[PDB]
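Heads up: the structure comes next, in structure tokens.
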Amino acid sequence: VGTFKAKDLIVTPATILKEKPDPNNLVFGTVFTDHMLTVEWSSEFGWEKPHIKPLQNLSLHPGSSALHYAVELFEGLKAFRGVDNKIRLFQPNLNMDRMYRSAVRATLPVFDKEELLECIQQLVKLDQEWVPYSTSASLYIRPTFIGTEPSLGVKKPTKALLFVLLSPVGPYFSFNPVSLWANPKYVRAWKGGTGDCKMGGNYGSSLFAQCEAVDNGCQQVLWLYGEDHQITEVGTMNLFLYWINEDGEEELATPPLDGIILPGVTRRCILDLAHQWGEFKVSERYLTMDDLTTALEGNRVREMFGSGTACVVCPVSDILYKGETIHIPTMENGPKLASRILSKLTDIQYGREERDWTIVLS
Amino acid sequence: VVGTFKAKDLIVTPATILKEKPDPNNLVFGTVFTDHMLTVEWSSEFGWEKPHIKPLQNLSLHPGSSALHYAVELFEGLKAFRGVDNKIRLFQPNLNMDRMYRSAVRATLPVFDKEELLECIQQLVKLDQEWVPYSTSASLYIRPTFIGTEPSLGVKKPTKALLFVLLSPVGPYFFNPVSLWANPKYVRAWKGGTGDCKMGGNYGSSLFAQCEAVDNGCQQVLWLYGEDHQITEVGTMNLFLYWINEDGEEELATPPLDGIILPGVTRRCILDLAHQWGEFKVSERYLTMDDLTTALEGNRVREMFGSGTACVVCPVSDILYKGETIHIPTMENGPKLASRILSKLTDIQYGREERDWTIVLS
Ligand SMILES: Cc1ccccc1Oc1cc(-n2c(=O)cc(C(F)(F)c3ccccc3)[nH]c2=O)c(F)cc1C#N
Ligand SMILES: Cc1ccccc1Oc1cc(-n2c(=O)cc(C(F)(F)c3ccccc3)[nH]c2=O)c(F)cc1C#N
Ligand SMILES: *Cc1c(COP(=O)(O)O)cnc(C)c1O
Ligand SMILES: *Cc1c(COP(=O)(O)O)cnc(C)c1O
Ligand SMILES: [Mg+2]
């Protein structure tokens with residue numbers, strides 16, 4: 001049990017630098033910056049010194065457990081060029097906490113969260129000109145952690161690689177609301193599974209349903225669970241419902257963290273803002289398709305949206321379920337709460353207001 | 001685009017320095033690799049490249065490869081056997097090709113011609129045929145692997161992939177019976193999931209329980225499902241119970257293929273042999289911990305074993321469950337059925353008798 005240290009960083013600058021992309025013509029996760037972070041681990045010697053070096057292919061033994069048994073996890077967070085031209089991270093300590101927890105569940109080696117964050121800051125700082133000159137674009141940060149043991153054995157890995165990629169990304173909407181594909185045949189996560197960690201294995205099994213969604217003109221899967229068809233996640237995003245509940249109370253509701261919900265940073269921020277405002281009830285509670293269709297019949301639904309680093313908030317206009325299209329009146333209700341949340345989080349991200357939730361770059 | 005690769009297009013780059021073969025008695029499963037590997041590249045733009053047999057080398061993967069982030073990956077496991085007549089045989093290899101194709105469709109990886117892949121695998125084994133051990137208790141493990149290599153972080157069907165095959169000489173095990181760790185907190189697979197496919201994501205999520213098993217002196221996890229604790233899989237192997245059932249009938253029972261069971265080639269072969277012998281009832285049926293503990297109290301259990309390519313038959317002696325050790329009297333009952341199955345399958349594998357289940361190396 002040990003850690004790499006940022007003070008040990010070895011920095012090999014690229015001698016040929018790539019042209020930055022047009023900030024308006026950015027496709028998510030396709031353009032990479034000049035440099036990457038790599039840190040090697042072995043059970044025999046522990047963590048090697050961390051390296052910032054030119055973006056390169058990984059050289060992996062074809063037996064690597066990441067390729068056979070998905071011994072792997074990732075994170076997603078962003079750097080933002082402020083209205084004051086200062087680059088900020090947003091709640092990055094929550095990403096480090098989740099990455100450490102995911103590592104323990106994956107049986108990958110633990111590391112010092114502060115040392116990783118400082119290595120990430122030094123990587124962003126070196127490639128800081130890649131943080132887009134735009135109030136609607138950002139630099140996506142992809143910490144990734146893979147088993148690299150050259151053996152086919154099913155066992156705790158004795159070799160691993162922690163790396164970080166940087167990708168300039170545009171606004172999710174280049175509010176264009178999403179249509180959701182609701183097919184109960186496919187289950188994202190089960191009680192006693194890894195659905196509450198950002199482990200690669202949760203996503204490979206989800207691709208088929210996503211291609212079926214797209215084949216039916218939908219952008220995301222509505223992940224249903226159990227005999228009562230609980231609504232759990234809006235594809236890669238946490239699920240919020242703003243409605244009049246069964247007791248006639250104005251309520252912001254989201255599924256509870258009972259093992260099948262990824263605990264989103266954005267979700268946490270939205271719940272914290274909603275509690276802070278104290279203008280309506282805030283409930284972590286089960287929501288079923290029946291609860292939703294009963295509410296829609298009673299004109300009790302105001303807004304439905306996903307939350308995530310990639311979108312901030314993603315309004316939902318429609319659900320395809322049992323061969324019918326179910327309208328959700330989000331965009332006919334402003335969407336007032338969705339807009340307020342987007343405006344608040346964006347104002348914090350781009351330094352339009354001071355917050356405990358941002359760190360100015362190292 | 002080229003819709004499938006063809007074996008007739010094989011490009012063979014032989015190794016100029018060959019490695020010393022291992023002692024067949026000193027083999028740790030899946031740690032020793034032969035001189036050569038098969039690699040076939042795919043892109044959406046051009047389709048399948050020509051297949052290559054070349055020296056075992058590291059893979060050069062874009063660090064954005066979806067195999068590393070979203071477990072876009074699957075694998076197979078089959079064996080070559082050097083016969084008593086010195087002819088090298090494969091065992092039901094077309095069942096592996098069928099399962100790999102099915103797993104590829106569910107993974108959204110590109111389809112391939114099953115006959116062309118098998119012919120490429122035969123040509124690889126033929127080149128490295130001296131690696132097929134000179135022993136009636138050792139074999140050559142064949143590890144077809146299929147990974148997404150798309151250099152982009154988007155969640156979607158991969159537009160780039162690599163199909164590769166590794167060869168690894170393995171010994172008779174990895175009868176020394178196994179102790180099973182039964183903890184219902186962890187679930188291997190769920191209805192609506194991918195547990196009936198050999199997708200990497202099914203194994204990364206299962207690793208924590210296996211490391212907890214080993215920490216408690218157990219070699220495999222007994223995978224429990226549902227509120228009645230159905231016994232589903234003996235770790236990486238299908239589960240067989242030989243017992244006097246509730247009706248007082250001698251019975252060989254295995255869980256049914258209801259979506260949470262990997263449809264094992266060995267399982268299929270054992271059911272076929274058992275039906276052919278007709279000496280007891282053969283049942284694909286649910287089995288619970290309560291069924292098992294009630295049977296053990298009534299002295300109704302004869303044998304419990306796992307089945308899989310890697311072991312053939314793996315007798316079970318003990319289950320750790322709710323802080324107690326439960327003895328299974330497998331090794332005090334011969335184990336007569338386990339021995340008979342092992343003897344029959346190895347007689348077929350090593351060419352001691354003719355069978356529709358083996359193919360002589362092309
Ligand atoms: C040391 C020892 C003593 C006694 C019994 C077993 C032992 O070793 C183990 C081997 C395995 N083990 C693999 O390492 C790989 C495969 C596979 F590659 F064949 C496969 C992978 C994935 C899916 C199917 C098969 N099978 C499999 O059982 C394991 F999971 C756990 C242990 C333990 N402990
Ligand atoms: C961009 C867009 C805007 C509007 C309409 C469609 C869009 O395209 C999609 C993007 C995504 N998509 C990702 O590709 C990757 C992430 C992630 F990298 F942020 C992540 C990964 C894994 C887990 C969490 C987040 N998020 C995410 O939403 C998707 F899943 C589906 C579609 C569709 N159709
Ligand atoms: C990453 C993720 C989220 C959102 O997490 P954020 O930290 O808000 O970006 C939601 N659901 C799933 C399944 C996820 O993987
Ligand atoms: C591969 C596998 C089996 C059995 O496979 P065989 O085809 O008999 O080698 C059983 N259970 C699991 C979980 C597996 O991955
Ligand atoms: Mg053909």
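By convention in this document, chain letters (A, B, ...) are assigned in the order of the sequence lines, proteins followed by strands, and residues within each chain are numbered from 1. In listed order, ligands and their atoms are each counted from 1.
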(message) Regarding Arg267(A) and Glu284(A), does a basic nitrogen lie under 4.0 Å from an acidic carboxylate oxygen?
(response) yes

Counting both backbone and side chain atoms, is some N or O of [X] under 3.5 Å from an N or O of ligand 3?
X	value
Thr309(A)	yes
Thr266(A)	yes
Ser307(A)	no
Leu262(A)	no

Identify, for [atom], the protein heavy atom at the shortest distance, and state residue, atom and that distance.
atom	result
atom 24 (C) of ligand 2	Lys198(A) NZ, 3.4 Å
atom 5 (C) of ligand 2	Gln219(A) CG, 4.0 Å
atom 29 (C) of ligand 2	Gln220(A) NE2, 3.4 Å
atom 6 (C) of ligand 1	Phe174(B) CD1, 3.6 Å
atom 26 (N) of ligand 2	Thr236(A) OG1, 3.4 Å
atom 2 (C) of ligand 3	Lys198(A) NZ, 2.4 Å
atom 10 (C) of ligand 2	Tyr172(A) OH, 4.1 Å

(message) Counting only nitrogen or oxygen atoms and a 3.5 angstrom limit, does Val155(B) reach ligand 2?
(response) yes

(message) When you compare ligand 2 with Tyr203(A), is there at least one nitrogen or oxygen pair between them that comes in under 3.5 angstrom?
(response) no

(request) Write down the atom of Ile270(B), the atom of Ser307(B), and the distance for their closest heavy-atom approach. (result) CD1-CB, 3.5 Å

(message) Minimum heavy-atom separation for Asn183(A) and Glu212(A), please, with both atom names.
(response) ND2-OE1, 3.0 Å

(request) Return yes when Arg188(A) approaches ligand 3 closer than 4.0 angstrom through a heavy atom, no otherwise. (result) yes

(request) Mark the output for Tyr203(A) as yes if a heavy-atom distance to ligand 3 is under 4.0 Å, and as no if none is. (result) yes

Heavy-atom count around [X] [atom1] within 6.0 Å, excluding the residue itself: above 12?
X	atom1	answer
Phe175(B)	CZ	yes
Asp98(B)	CG	yes
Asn176(B)	CG	no
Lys156(A)	NZ	no

(request) State whether a side-chain donor-acceptor pair under 3.5 Å links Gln230(A) with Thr232(A). (result) no

(request) Verify the contact flag for atom 8 (O) of ligand 2, where contact means a protein heavy atom under 4.0 Å away. (result) no

(request) Evaluate the 4.0 Å heavy atom contact test for atom 32 (C) of ligand 1: does a protein atom fall under the cut-off? (result) yes

(message) Nearest 0.5 angstrom please: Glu149(A) CD to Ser43(A) OG, how far?
(response) 7.5 Å

Which atoms of ligand 2 sit under 4.0 Å from any heavy atom of [X]?
X	answer
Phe28(A)	15 (C), 18 (F), 19 (F)
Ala310(A)	19 (F)
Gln210(A)	31 (C), 33 (C), 34 (N)
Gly154(B)	14 (O)

(message) I want to know whether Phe28(A) and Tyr172(A) have ring centres closer than 6.0 Å.
(response) no

(message) Quick check: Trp190(A) with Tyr225(A) (ring centres under 6.0 Å apart)?
(response) yes

(message) One residue to check: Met237(A). Relative to ligand 3, which of side chain, backbone, both or neither has a non-hydrogen atom less than 4.0 Å away?
(response) backbone

(message) Contact between ligand 1 and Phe75(B) is defined here as a heavy atom of the residue under 4.0 Å from a ligand atom; is it met?
(response) yes

(message) Against ligand 1, does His68(A) come closer than 4.0 Å with any heavy atom?
(response) no

Near [X], which atoms of ligand 3 are under 4.0 Å from a heavy atom of that residue?
X	answer
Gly308(A)	8 (O), 9 (O)
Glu233(A)	10 (C), 11 (N), 12 (C), 13 (C)
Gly264(A)	5 (O), 6 (P), 7 (O), 8 (O)

Would you check if [X] and [Y] make a side-chain contact, meaning some heavy-atom pair closer than 4.5 Å?
X	Y	answer
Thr33(A)	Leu139(A)	yes
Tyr140(A)	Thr309(A)	yes
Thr108(B)	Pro158(B)	yes
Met99(A)	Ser102(A)	no

(request) Counting heavy atoms only, name the option from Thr236(A), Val234(A), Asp196(A) that's nearest to atom 4 (C) of ligand 3. (result) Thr236(A)

(request) Check if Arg142(A) has a non-hydrogen atom at a distance under 4.0 Å from any atom of ligand 2. (result) yes

(request) Indicate yes or no: does an N/O atom of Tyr141(B) lie under 3.5 Å from an N/O atom of ligand 1? (result) no

(request) Would you kindly specify which portion of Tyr69(A) sits under 4.0 Å from ligand 1, judged on non-hydrogen atoms: side chain, backbone, both or neither? (result) side chain

(request) Mind telling me whether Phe240(A) and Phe305(A) have parallel, tilted or perpendicular rings, with 30° and 60° as the class edges? (result) parallel

(message) In terms of relative ring orientation, are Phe90(A) and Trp357(A) parallel, tilted or perpendicular, with 30° and 60° separating the classes?
(response) perpendicular

(request) Identify the residue among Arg101(A), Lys113(A), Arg142(A), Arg98(A) that makes a salt bridge (charged side-chain N to carboxylate O under 4.0 Å, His left out) with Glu75(A). (result) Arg98(A)

